[PDB]
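What follows is a short report on a single structure.
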RNA sequence: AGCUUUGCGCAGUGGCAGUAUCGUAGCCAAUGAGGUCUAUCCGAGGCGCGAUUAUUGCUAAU
């Protein structure tokens, strides 16, 4: 909508599920907020999927994240507002990028796998 | 010295004594150009804000107000008088004179000490309070 | 870049793989941030020449004592493959003292 | 009793063992002036040793 | 504030040791490695305070006694007439009187 | 030997880059201009990847003469220059002018002191046809690195307009060349971009704070050094963050006129002059008035514990009593006038020793115990 | 001459302000009226001797930078000191008395 | 004399630099020494017999 | 008082007679702030201040600082010579001398930083080779690091804690920092193993330390510096000293 | 764009929800300390003189201390000589 | 759709609700619509609160404090029962 | 049908600390707060100010 350079941009149906997963990972200490921490997780190879926002006006500050995901074969998806993503991540400040890491025997494995599957069929 | 409020005529100082009930009126009688009076009119500067709750400081030039020289013995170069609810609070120092501090001191804590002691003894309803320090000497050695 | 993507995909598939984890830090990872990759590989408890990869990383960092200690650890039963013994022999022959 | 510069009564002192591991005590007693504000008149010795 | 970058801190707990050791730095420059290795004696049998195993060692150098307090340094020489005259001449050569 | 032959291809590539850059001085007076920057960056990365191995070879070959100098001189080029200058005989360290141009006076004196106590032995003539050749090619590679440094600095007015204005093209080149290219550092977090070219300087018997620890090219940039030493770290973090914000823009070549770069510079300057703003007006509250007769107070478990902490313990109350007409030997030689009174006195008191209380035991604060937990 | 040592209202101090001054090229033509500037065809001066003072007024030790004419060796003499300094240590130190030559 | 009339109006009001926790400290409680000192002092003053 | 009064009189005199004369207290506060900054040896540069006002305030500060230095030295001379002086006079004079000595120390440290070491490499090598020859002649083995398993490990810790507590052995009332210090020693006595592990870690990997406070005790002849060290680091320093 | 207020459950503009959460949870007792100290300083009476009074007192002091002010020196208490 | 406020404002809002309830209760009691809260007492507080009055008739006093305990526990249990699904 | 995980609420029981709690229509802050170890690493709040019996109420004596 606002930004044509939005490839995996998701609609207002699975965005609710994405934010629910973000909150649950927050309760489980299972996310890294911020573009820099998402990039570090991608570099370490422990990132499972990262969600960013299409409201950051210089989107190219976070447009290296989909390229890094393509390099590491990591699902990636956008949202429609940075404020909602930030508030869902567990912080008041607007966040434009968050990552979800791994956990041994995680109770969120089924939902994170479902989210990975849902995003991967939305690229086209 | 020059920063503290000044009183110009006889009526003003009597009003300043009368226009207050819940603090102590500390009046520095003397001449603000005196080396002695200027020594302690800066101590009274450095503590004017600190003792705002229970003390107000007015300055009086005896030449400008020649109405209290005879009655209160204003002939030492510098004099400090404490008043509470229109009542001169006598204070017992180490010196013989027990109605005034006729010398300019140097430490900003001792003057607040004396003012707070005067306030404490005046809330009770005394007329003569006793200073903590003894001024029968100068502790020099 | 294609090799880096293939290495990332291989790491994503059964990361516990000793050979892939050992050959990732030394080959794909640059000397800068190689230590982080070395720690990530060491996060896997098993050391089938992974300790040898740590020894190679230490030798690249020119740490003689650390390289010798890792090679002694690598030459043990943890990484008892002959590659560790050959690397230890080469390093001892290439040591500054060579005594 | 009460004779000898290292007073004989020190031999019977309770902490005699641990004072055996206290070496250079007089030097640090001398330098105590730089760590504590008030000067020690008995800087030259130490009542324990 | 100021960042101490040139002076030892005497308020430090171990400072004494440093000073003592650093005193061991300077006093040998006064003694020289030879005389220092005669007051201290052989490491096998170190001497006590102000004592030499042989009389010849005392008679082998000007500096016969030495004692070092925290800052104070206390030397006691013993010059024969000839060496005293030699030292006086050496001083006066670099200092006309 | 093997390293010198390896640099031959790199030497030819550097000669080609020199021909291109000399032509760049004429062509700028189908092989575009940007590629002449990209391939040059690749070539400087390669010459660094050869400088490291030749420095390793120099350290390995020279450890026979002096095995401690590498632990005292961390920087590579400094190590090559020092081993080139000292030579086999180390008596060339006293009042040596060219040592000063490479090493700090403190580290000059530490390496000289180590040179006094060396267990290394002299090198043969064969070692002097290897180490000096390696040092010469190291200086040649450094000259090539600087000769492409100037060209990259000149051309970052075009290749990275946004990043070249926040920090300046010089430090911009120093941080983009070492990072492996603009694309490489675009994938790099600002925290890592801070440590670009962060030398692990060997502390010369100093506090680690004195020799800047964890300090990178961004901390040595002109913008941060303009600030007082206390704010520099806080300024370094912010300037590196905005540097990577501009770097991600410049990687994909947006805002080539520098609008985002100017916006980031404006934000940096606003934060800077907000930090340097003088403190505001703070009112001097007066001392509280002397208290009145009585005031009602609460009481419970908290008041009970306050009364327990400040209550007269039996050992304390027994010490206050000081007998009468009973001389006692002056305890605590270092300060007399400290008598325990009836505590441990045969005059009066309990037959059993006064047992020590537990409520008066010394206790640490909550925040201080928190510091203990974090420190461990 | 350079006014380093000056008395305050209470105690005499020194003004330790370093000066950056050349030694072989200076122009002074702006300091003369033109009705006099025409007379002089040489307003350029070269330093010859320099005076540098040490420490407090009550504890001082003068040092001298002399230029050996013909050559360019600047030599530092305190009491018997002899040292051919470079033309930069003359600028770094704080001067007190300078000697020139109009040539 | 050559200071503009507005520049005297543009004089900034200086303020204190120190924070609240150093300008206006909460009153520092002055507690007694732990009584373990009274016991230790007498404990050090007892000797053995052999 | 006379100098400050003259400065304020001139400034208010040439200050325009408008409503702006409400800014007299502002000028006095500026004067006090500049004097404090010179006393605190802290940079003082008001951005919006006019250059004539700034010049006059600098001259005021310089004059009062000259008088301050002279008066402090004269009072010190009075005290050392044995003259009769007051207690508050001694306190103020000690404060002034502390400020002056710390300014001189800032000068000396900054001079060392820019001038590098004052010891030449030649003399340093001579001293070092003398020391190493001495130590080799004495057959002195180097002091080993305090091992994890040391037989006398707690004995040295006990002695260090007792020494640190000797400063409070004679005491009736304790400040907050003192209470926290006693808490630290008694906790380290309660858990010697963890405290000694902390000490070993500090000795092995700690090189950045918190600022140590300074003051001066006046003997009326010279001033002895008194250094206050961080309470936790005092324990480590004492154990190291004992070992 | 409309969101739902977490505290009131009412449609809110998406642009304001940040400061909406900042301010809708404004702590009620904060209002008195905002409206209490300001009243204290409003009713507070000054301690030092008005600036014109400092100016006048400075003139009067300069009238006497000719050892500092003026050009015609006289006694400490004398007006002029 | 709604947004999920963070744990900091969770704690802040909970504190607002509890302080609001406490102040409303205190204002109502100051009005007097309910009696002033009788001090909650347990077995450990039995002789701290009522001991002087508990010496004369100890069993009556312990019966009263146990009745207060039972009333509190019953309020809790039937509050859960009312909140039971 | 239970079992079970996590967050948020309501209460209950019990322990522990009162050198600490609290406010932020003040400012900045994951577009990075803050960095002593270990820094191509770490990575959430920090600052300034105000309230204070070092959170705040009643009841109770004097």
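Chain A is numbered as in Swiss-Prot, which gives 5-128 for the residues shown.
Recorded method for this deposit: electron microscopy, 3.7 Å.
Keep in mind that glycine also has a Cβ here, set from the backbone N, Cα and C atoms.
So that you can see what the record holds, here are the features copied from Swiss-Prot:
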MOD_RES   A:21  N6-acetyllysine
MOD_RES   A:122  phosphoserine
REGION    A:36-48  region 'Interaction with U4 snRNA and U4atac snRNA'
REGION    A:96-128  region 'Important for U4 snRNA-binding'
SITE      A:61  site 'Interaction with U4 snRNA and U4atac snRNA'
SITE      A:86  site 'Interaction with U4 snRNA and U4atac snRNA'
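The structure, with features from Swiss-Prot marked on it.
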residue	record	CB count, 10 Å
A:21	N6-acetyllysine	14
A:61	site 'Interaction with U4 snRNA and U4atac snRNA'	11
A:86	site 'Interaction with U4 snRNA and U4atac snRNA'	20
A:122	phosphoserine	16
What is the interatomic distance between the Cα atoms of residue A:21 (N6-acetyllysine) and residue A:122 (phosphoserine), given in whole Å? 11
How far is it from residue A:86 (site 'Interaction with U4 snRNA and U4atac snRNA') to residue A:61 (site 'Interaction with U4 snRNA and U4atac snRNA'), counting Cα to Cα, in Å? 11
So which residues does the region 'Important for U4 snRNA-binding' (A:96-128) touch in its own chain, when a touch means Cβ under 8 Å and the partner is 6 or more beyond its ends? 11-12, 14, 18, 21-22, 25-26, 28-29, 32, 34-39, 41-42, 45-46, 50-57, 59-60, 65-66, 69, 79-81, 86-87, 89-90
Tally of DSSP helical, extended and coil residues in the region 'Interaction with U4 snRNA and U4atac snRNA' (A:36-48): 10 helix, 2 strand, 1 coil
If I take the alpha carbons of residue A:122 (phosphoserine) and residue A:61 (site 'Interaction with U4 snRNA and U4atac snRNA'), what is the distance between them in whole Å? 27
As a quick check of your reading of DSSP, tell me how many residues in the region 'Important for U4 snRNA-binding' (A:96-128) are helical, how many are strand and how many are coil. 12 helix, 4 strand, 17 coil
Is any of the recorded positions A:21, A:61, A:86, A:122 near chain C, in the sense of a CB under 8 A from one of its CBs, and if so which? none
